[PDB]
Amino acid sequence: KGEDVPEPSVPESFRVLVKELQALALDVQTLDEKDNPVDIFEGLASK
Amino acid sequence: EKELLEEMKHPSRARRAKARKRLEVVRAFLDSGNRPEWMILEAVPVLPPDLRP
Amino acid sequence: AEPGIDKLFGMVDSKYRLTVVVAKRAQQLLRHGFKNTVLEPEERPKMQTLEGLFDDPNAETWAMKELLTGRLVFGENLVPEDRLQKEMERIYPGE
């Protein structure tokens, strides 16, 4: 395009290590400044 | 917890070592920790497919 | 080295701050058109077979250049982050 580059969103390694951690029965959740839930999965987590 | 408290301090030495170590895990659970019944499985998560393609 | 770098480390409390400022400036320098700038009038960056860095080669150099003037403003929490982008897209076309 001639744009800068789309770094952010979430890192691969991170979502992959969340789910790969979830495959053993570990509840690994992500928190805000104040200890709050945070949807790492790009609005795709919804059922 | 209380049982272990007494088990820890009151019996003489050479014993309460393991009561200490046991206490650690009990405290761990009752801290910002969870309920120990999930320590065993009856639901198994399946890893996505492309991660095991 | 690059044009007047000591003067630019003199401009900030943290070396790294300069990097963040420059980066973000070049970013908006590109995003909201390239007429974002505060300095074009006469004698700004240039290149060599026609002459036009007066349109769009290197953005961050433009940043360093502008910043070398006391024209831009940098600061921890100057303006509410949202109304910022609103205002930028509203004032300047070029999509």
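Residues numbered from 1 in each chain as written, not as in the entry; some residues may be left out. Chains lettered and ligands numbered in written order. Part of a larger assembly, values for the part shown. Heavy atoms only, no water.

- Per the PDB record, this model was obtained through X-ray crystallography at a reported resolution of 3.600 Å.

## Some details on the packing of helix α2 (residues 15-31) of chain C against helix α3 (residues 59-68) of chain C
Residues and elements named next belong to chain C.
So, point 1. Taken N-terminus to C-terminus, the directions of α2 and α3 make an angle of 115°; their axes are 8 Å apart at the nearest point. Crossing hand, α2 versus α3: right-handed. The residues of α3 that touch α2, namely those facing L18, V21, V22, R25, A26, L29 and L30, are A59, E60, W62, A63, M64, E66 and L67.
So, point 2. When grouped by side-chain class, the residues that make up the contact of α2 with α3 number 11 nonpolar, no polar and 3 charged. (Axes fitted to C-alpha atoms, helices over the stretch in contact; angles between N-to-C directions. Helix = DSSP H or I, 4+ residues; strand = E, 2+ residues; numbered from the N terminus. Left-handed = near helix turned anticlockwise from the far one by under 90°. Contact = heavy atoms within 4.5 Å. Nonpolar A, V, L, I, M, F, W, Y, C, P; charged D, E, K, R; others polar.)

## Side note on the pattern of salt bridges
Residues and elements named next belong to chain C.
So, point 1. Following the criterion strictly, the structure yields 7 salt bridges over all chains and no others.
So, point 2. Of the charged contacts, one joins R17 and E76 as a salt bridge, the two residues approaching to 3.3 Å between their closest N and O atoms. Residue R17 is found in helix α2, and its partner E76 is found in the loop between α3 and α4 (81-91); the two are separated by 59 residues along the sequence.
So, point 3. The class for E76 is exposed, based on a relative accessible area of 70%.
So, point 4. Residue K35 is joined to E40 by a salt bridge in which the shortest nitrogen-to-oxygen separation is 3.7 Å.
So, point 5. Classification of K35 by relative accessible area gives partly exposed; the value is 45%.
So, point 6. Three or more residues are tied together by salt bridges with common partners; here these are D13, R17 and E76. (Salt bridge = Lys/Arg side-chain N within 4 Å of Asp/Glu carboxyl O. Buried < 20%, exposed > 50% of the residue type's maximum accessible area, 1.4 Å probe, protein only.)

## As for unusual backbone geometry
All names here are of chain A.
So, point 1. Look at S9: it is not a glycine, yet its phi comes out positive at around 60°.
So, point 2. Following the sequence through the fold, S9 ends up in the segment before α1 (12-22).
So, point 3. Residue classification places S9 among the exposed residues on the basis of a relative accessible area of 57%.
So, point 4. In this structure, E42 is a non-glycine residue whose phi angle is positive, near 35°.

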